[PDB]
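Asks: following this: a sequence and the matching experimental structure.
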Amino acid sequence: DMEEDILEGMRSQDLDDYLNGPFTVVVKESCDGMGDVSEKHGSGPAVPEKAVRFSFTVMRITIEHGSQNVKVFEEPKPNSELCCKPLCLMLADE
Amino acid sequence: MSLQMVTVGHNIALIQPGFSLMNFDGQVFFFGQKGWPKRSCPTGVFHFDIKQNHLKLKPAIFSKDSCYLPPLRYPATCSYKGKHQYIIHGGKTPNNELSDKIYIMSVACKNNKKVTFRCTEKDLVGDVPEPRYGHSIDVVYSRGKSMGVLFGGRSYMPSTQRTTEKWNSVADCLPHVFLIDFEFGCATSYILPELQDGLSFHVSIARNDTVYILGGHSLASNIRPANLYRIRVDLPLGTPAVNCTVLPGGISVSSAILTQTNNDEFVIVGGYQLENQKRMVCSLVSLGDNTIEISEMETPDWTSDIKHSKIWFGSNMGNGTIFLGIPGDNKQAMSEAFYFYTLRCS
Ligand SMILES: [Ca+2]
């Protein structure tokens, strides 16, 4: 999905588009048990139900050009609403 | 057969489907709580003291040289009543991983309703059985010696055919019979040609030279073999020997609770008949010298809830007293997570 962005990153870093170095990716892991994700379908406020969403975020991508690691990609807004890729989600108390 | 509702203290949530009730001199001890051991009770064990339909789960310390064992959920619990002590084998660690250690529960010190347990970690050699749950172990005697007969229960796939898309699937262990020497913790597996299909959650009654295996669930085909087995053991001067015999009149049940109502006379209460029919009828098993005899008894009156709920569990307290559990109406006026009952049997 971020192929185009990291290609542009290699361009900007004065590298080869056709370079296949061992790109080391650095991923962030985040699990947070949001609560009270229910809604009243009919009459009765009875049941509160919780949820858990385990997710990750590609935080940086770095190729080892020659003998140095150049930052082909870094997330602009790391802890942002819309780069935390969801991975698993469940209806269960944390 | 006298059902009676019970009320629980504040730490009610600790009781979960799969709990154990060990017993020491009429003093019952809860084991296998929900979640890892808290700091209000560092060990997991509890005085399971019931008085006036009210039980007080009270913390209970261990010894100074014991081993703190995790709260298991479907162990194998056999009363090696020979220095009374219990044997725990296998189960489900709160991380949903199975265990293989053996634990030995004795009582190292007691003073005026204050017991100090002693849990020692016995490890096996030879043909160690597979880390599994739902199985059943029983101590059986022969020619002045004793041994432990462990009959298989289900388990996780091995570390080869265990894919992550089905990481939690389970397979019944192969129907072997494991003889376990406690004096040295030595295992020996025997393949009885009369035992064919895997079996878990069964009922195992030991009478001083044999093991009566009865009921249970067989996941390999999702059925409940109504048969039963009599494993006769004998201990020669050298290698032990075992034989089996099928018999008629076997119950068709899984997850049925056992207790020794009278000397050489057991009762058995409801497990599950079909995946929609919880078992209601109670059956008294008259043991004897050589002949078992299952029969039906006075169909204890179940309350409305117990006839409504679809899953239900418990265990024996030891003196013909079966402690039960009921989930409780989910869509209700904040019904509790579990209600509890007790059934005496005299
Ligand atoms: Ca949180």
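Replies: Noted; the coordinates are in hand. Numbers count the residues shown, from 1 in each chain, chains lettered A, B, ... in the order given.

Asks: contact residues of chain B facing chain A?
Replies: By the criterion of Cβ under 8 Å from any Cβ of the partner chain, the positions of chain B lying close to chain A are B:330-334. In short, each C-beta sits where N, CA and C put it, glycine included.

Asks: and if we set it to 10 Å?
Replies: Proximity of chain B to chain A is confined to B:330-335 under the rule Cβ under 10 Å from any Cβ of the partner chain.

Asks: what sits against residue 90?
Replies: Picked chain A for this. A:33, A:50-54 (Cβ atoms under 10 Å, 6 or more residues apart in numbering or on different chains).

Asks: should've been chain B
Replies: Contacts were defined as Cβ under 10 Å, 6+ apart; by that measure residue B:90 touches B:72, B:74-76, B:98-102, B:129-135, B:137, B:150, B:153, B:155.

Asks: ok, back up a step: let's have the residues of chain B next to chain A in CSV, adding neighbour count, distance to residue B:62 and secondary structure.
Replies: Compiled in CSV, the residues of chain B next to chain A are given as follows (neighbours: other Cβ atoms under 10 Å in any protein chain shown; distance: Cβ to Cβ, whole Å; DSSP: H, G, I helix; E, B strand; the rest coil):
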residue, neighbour count, distance to residue B:62, secondary structure
B:330, 9, 37, coil
B:331, 8, 42, coil
B:332, 10, 39, coil
B:333, 7, 41, coil
B:334, 8, 37, coil
B:335, 14, 36, coil
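
Asks: related to what we said a few turns ago, tell me the buried residues within the contacts of residue A:90.
Replies: Burial by neighbour count, judged by 16 or more other Cβ atoms under 10 Å in any protein chain shown, picks out A:51-53 from the contacts of residue A:90.

Asks: keep only those of the contacts of residue A:90 that are in strands.
Replies: Counting by DSSP state E, the members of those that fall within strands are A:52-54.

Asks: want to throw these into a markdown table with distance to residue B:281?
Replies: Below are the ones in strands among the contacts of residue A:90 laid out as a markdown table (distance: Cβ to Cβ, whole Å):
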| residue | distance to residue B:281 |
| --- | --- |
| A:52 | 42 |
| A:53 | 46 |
| A:54 | 46 |
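
Asks: now, which of the residues you listed sits nearest residue B:45?
Replies: Relative to residue B:45, the closest of these is residue A:52; by Cβ to Cβ it sits at 30.5 Å.

Asks: surely that closest one and residue A:88 touch.
Replies: Yes: under the contact definition of Cβ atoms under 10 Å, residue A:52 touches residue A:88, with a separation of 8.1 Å.

Asks: overlap of the contact sets of these two?
Replies: Between them, residue A:52 and residue A:88 have residue A:31 as joint contacts when contacts are counted by Cβ under 10 Å, 6+ apart.

Asks: and stretch B:209-219, end to end?
Replies: Between the opening and closing residues of stretch B:209-219 there is a gap of 29 Å (Cα to Cα, to the nearest Å).

Asks: okay if I get the contacts of residue A:90 as a markdown table plus distance to residue B:184?
Replies: Formatted as a markdown table, the contacts of residue A:90 follow (distance: Cβ to Cβ, whole Å):
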| residue | distance to residue B:184 |
| --- | --- |
| A:33 | 48 |
| A:50 | 49 |
| A:51 | 51 |
| A:52 | 46 |
| A:53 | 51 |
| A:54 | 46 |
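
Asks: pretty sure residue A:11 is in a strand, no?
Replies: No: for residue A:11, which was evaluated using DSSP: H, G, I helix; E, B strand; the rest coil, the result is helix, with no strand membership.

Asks: ok, it - how many residues close by?
Replies: Look at residue A:11: counted by other Cβ atoms under 10 Å in any protein chain shown, it has 12 neighbours.

Asks: and it, what is it in contact with?
Replies: A:17, A:72.

Asks: ok, now residue B:17?
Replies: Each residue near residue B:17 by Cβ under 10 Å, 6+ apart is listed here: B:32, B:34, B:73-74, B:255, B:311-314, B:325, B:327, B:338.

Asks: what about residue 26, how many neighbours?
Replies: Looking at chain A here, since you left the chain open. The number of residues packed around residue A:26, counting by other Cβ under 10 Å, is 14.

Asks: right idea, wrong chain: chain B
Replies: Using other Cβ under 10 Å, residue B:26 is surrounded by 8 other residues.

Asks: now it: closest residue in space that isn't a chain neighbour?
Replies: Distance criterion Cβ to Cβ, 6 or more residues apart in numbering or on different chains; nearest residue to residue B:26, sequence neighbours excluded, is residue B:319 at 6.5 Å.

Asks: thinking again about what came up before, can you tell me which of the contacts of residue B:90 are in strands?
Replies: Using DSSP E, the subset of those located in strands is B:76, B:98, B:102, B:137, B:150, B:155.

Asks: my guess is the last one contacts residue B:98, does it?
Replies: Same thing as residue B:155. Yes: with contacts counted by Cβ under 10 Å, residue B:155 reaches residue B:98, the gap being 6.3 Å.

Asks: do a quick rundown of the helices in chain A.
Replies: With helices called from DSSP state H, chain A shows them at A:3-12.

Asks: got phi/psi on residue B:46?
Replies: When read as degrees, to the nearest 10, the backbone of residue B:46 gives phi -150, psi 140.

Asks: what residues are up against it?
Replies: For residue B:46, the set of contacting residues under the criterion of Cβ under 10 Å, 6+ apart consists of B:11, B:14-15, B:19, B:21, B:28-33, B:55-60.

Asks: quick check on these: which are buried?
Replies: When burial is judged by neighbour count using 16+ other Cβ under 10 Å, the buried members of the contacts of residue B:46 are B:11, B:14-15, B:19, B:21, B:28-33, B:55, B:57-58, B:60.

Asks: tell me the one of the ones in strands among the contacts of residue A:90 nearest residue B:247?
Replies: For those, the nearest to residue B:247 is residue A:52 (49.7 Å; Cβ to Cβ).

Asks: can you give me the distance of that closest one to residue A:32?
Replies: From residue A:52 over to residue A:32 the distance is 8 Å, taken as Cβ to Cβ, to the nearest Å.

Asks: equivalent analysis for residue B:304, please.
Replies: Computed with Cβ to Cβ, the distance linking residue B:304 and residue A:32 is 42 Å.

Asks: do the same with residue B:23
Replies: From residue B:23 across to residue A:32, the span is 44 Å (Cβ to Cβ).

Asks: comparing the two, which residue is more hemmed in?
Replies: More neighbours surround residue B:23 than the other of residue B:23 and residue A:32, with 18 against 11 (other Cβ under 10 Å).

Asks: pretty sure residue B:125 contacts residue B:186?
Replies: Yes: the pair residue B:125 and residue B:186 passes the contact test of Cβ under 10 Å, sitting 5.5 Å apart.

Asks: out of these two, which sits in the more crowded spot?
Replies: The neighbour count for residue B:125 versus residue B:186, taken as other Cβ under 10 Å, is higher for residue B:186 (15 against 10).
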